[PDB]
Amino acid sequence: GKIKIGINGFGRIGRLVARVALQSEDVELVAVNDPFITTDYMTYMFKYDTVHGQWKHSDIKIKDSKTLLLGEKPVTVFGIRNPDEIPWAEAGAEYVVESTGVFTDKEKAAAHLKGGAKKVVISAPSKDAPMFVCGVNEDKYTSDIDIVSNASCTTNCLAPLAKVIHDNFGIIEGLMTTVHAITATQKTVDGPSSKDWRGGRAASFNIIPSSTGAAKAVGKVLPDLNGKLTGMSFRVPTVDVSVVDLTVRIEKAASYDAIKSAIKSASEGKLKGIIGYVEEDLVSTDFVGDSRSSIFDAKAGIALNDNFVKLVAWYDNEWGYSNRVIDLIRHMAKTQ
């Protein structure tokens, strides 16, 4: 080991990927860049979390103007806006997590290579960097690629479920709806959002529809499913945890029980850790802190017939995805 990483954008995903790395045995966080959060403010934002509780694993302290100590393990802090000016090499950061939400293009994210980084993992979909979803197509990653995308948390939820359903029963066509928690891009009160008008309306007092390429993106990581899936979303007044509502038409007829057995076995086999399976009366909060990418809700789903069903799968959009960012880094690091 240890695998040395840096994080650009110490936000919801940035801070949680830090918790995952800090709690790991094989990954070492060595640097964090965010020009909007000072070293001092960084210890506060990292220690306290409205959703995932207070950090109690180690002690948080400031060594100096730009060095955090987690315990004492040292973490360099940067406050640079331009990625091509971040000296990642100085801190030994081999892998950089691009979780700012503004450098998703391959060309922008590649700016990190200038300061000495060897690999960059974009914490969101990318238009030109290849996307990988763990448990679905991460084995397609080749080490000659230096900039990749870990897709969206929604694709990480739907992709695993669709692969199981497709492998077992064959998917003819499917439509997805995700009841999604509010996020950083939304507004507390009605305000401007030029590219997403509905997105500008007060987040916690409205059900706000939105478009999403998360379902269609499944066709990129699973080519056989190209053009057979798409969907949309409804952002709702909850702080975290979202759910996928997949309406699918399958080729091979199968009872609901049959579908439940296929998912259960997958959650216990090759996709253990990625896809979960519950059969209780759970609600959103019960999934806070769940590290799986997709937790199938057995009792919530409903079948119209043996070839037309609606499947339900939860996902802690912040926690599960953050764990997948790390898992993808772990796999890239084990490649070759």
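Note that residue numbering begins at 1 and tracks the sequence as displayed.
Averaged over Cα atoms, the B-factor as recorded in the entry is higher for 55 to 63 than for the other of 55 to 63 and 27 to 35.
Looking at 100 to 108 and 225 to 233 together, the entry lists the larger mean B-factor for 100 to 108, computed on C-alpha atoms. Annotation for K195, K264, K163, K187: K195 ranks highest, by Cα B-factor.
For the set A202, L113, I147, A217, the PDB entry puts the maximum C-alpha B factor at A217.
In the PDB entry, a CA B factor belonging to the lowest third of its chain's modelled residues is recorded for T247. Ranked by Cα temperature factor within the chain, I7 sits in the lowest third according to the deposited record.
Compared with the other modelled residues of the chain, the Cα B-factor recorded for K140 ranks in the lowest third. For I259, the recorded CA B-factor ranks within the highest third of the chain. Only modelled residues enter the ranking. Among the modelled residues of the chain, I326 sits in the middle third by CA temperature factor in this PDB entry.
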